[PDB]
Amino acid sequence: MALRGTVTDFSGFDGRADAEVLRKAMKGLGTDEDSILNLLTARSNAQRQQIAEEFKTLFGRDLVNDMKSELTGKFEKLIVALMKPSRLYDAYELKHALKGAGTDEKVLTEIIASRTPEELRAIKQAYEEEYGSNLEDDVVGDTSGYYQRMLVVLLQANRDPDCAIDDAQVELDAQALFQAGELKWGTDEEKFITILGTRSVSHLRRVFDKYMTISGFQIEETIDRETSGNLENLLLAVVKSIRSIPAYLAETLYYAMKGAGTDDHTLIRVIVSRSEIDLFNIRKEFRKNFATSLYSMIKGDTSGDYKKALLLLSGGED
């Protein structure tokens, strides 16, 4: 499976015409929500920015501000998300997560655990350019403890490259982890942090397997037994991301629509953020792991223009 998103550039794109469509959908009393979502869900993010620019050049009005005025609810939240340039969306989500003692650790974890060193470097740059603070400084100010240190490790965007798998190191790391958790009276967190936070992805997939054999336990189980709270949640998100970013995000989506209340914010972020990267791959995980379409579950748990847009974004029959 090469990585595939569910949204692509529209062939025969006319941004000027698309701009004309959105203006008509909003000029006058009432709003044509349907024309808006059909158009936007079927343009790529880059194309959405071009449309936004044509709208302002034709009309001297701000497309995004107009849609915020005209729209409401979850649907408006999802259009606003869709409109955020791809290069800026993770930094936007991270900035809104960063709120002193009210910080949303869950967002921090999800994005920082699942993004590549390359994505992370681009995010730190965008964040700085847009907000005039340093992403790493704000995270440190808004978090503490081992959780904080793991986030900082990951924020270095410095994980070992997927080079030839030093097979001797594999067993060593696997034993180190065994001695730091199950064998220890307590836990050596720093050890988990360095190995899980810094070794290559392909190396760690080998370490994980070797860990089951030498220990009887999957590394995820040892994490749940040796750690707690935000650290635990982080280490699990990193291990799941090492195993498969798509599988990790399939599950995130799963648990967004399961449980007492729907996590619309998580729903929106994962569909939008991954729409042009690996959302198909995620679709295929969610299927194989949860016994339903991403589609079906979005369909059953959401309603409205919001629903119609998600489903247009998600894609996927069965």
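Each residue number is its position in the shown sequence, starting from 1.
With respect to the recorded C-alpha B factors, which stretch has the higher mean value, 255-263 or 60-68?
Between 255-263 and 60-68, it is 255-263.
What stretch has the higher average Cα B-factor here, 217-225 or 109-117?
According to the PDB entry, the answer is 217-225.
Top Cα B factor in the deposited entry, candidates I242, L183, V152, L234
Highest C-alpha B-factor among the listed options: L183.
Where does the C-alpha B-factor of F178 rank in its chain, lowest, middle or highest third?
Highest third, going by the recorded CA B-factors of the chain.
Sort the modelled residues of this chain by their C-alpha B factor and say whether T143 lands in the lowest, middle or highest third.
According to the entry, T143 has a C-alpha B-factor in the chain's lowest third.
Is the Cα B-factor recorded for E76 in the lowest, middle or highest third of its chain?
Middle third, going by the recorded CA B-factors of the chain.
Please place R43 in the lowest, middle or highest third of its chain by C-alpha B factor as given in the entry.
Within its chain, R43 is a middle-third residue by C-alpha B-factor, going by the deposited values.
Where the record places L29 (Cα B-factor, split into thirds across the chain)
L29: CA B-factor falls in the highest third of its chain.
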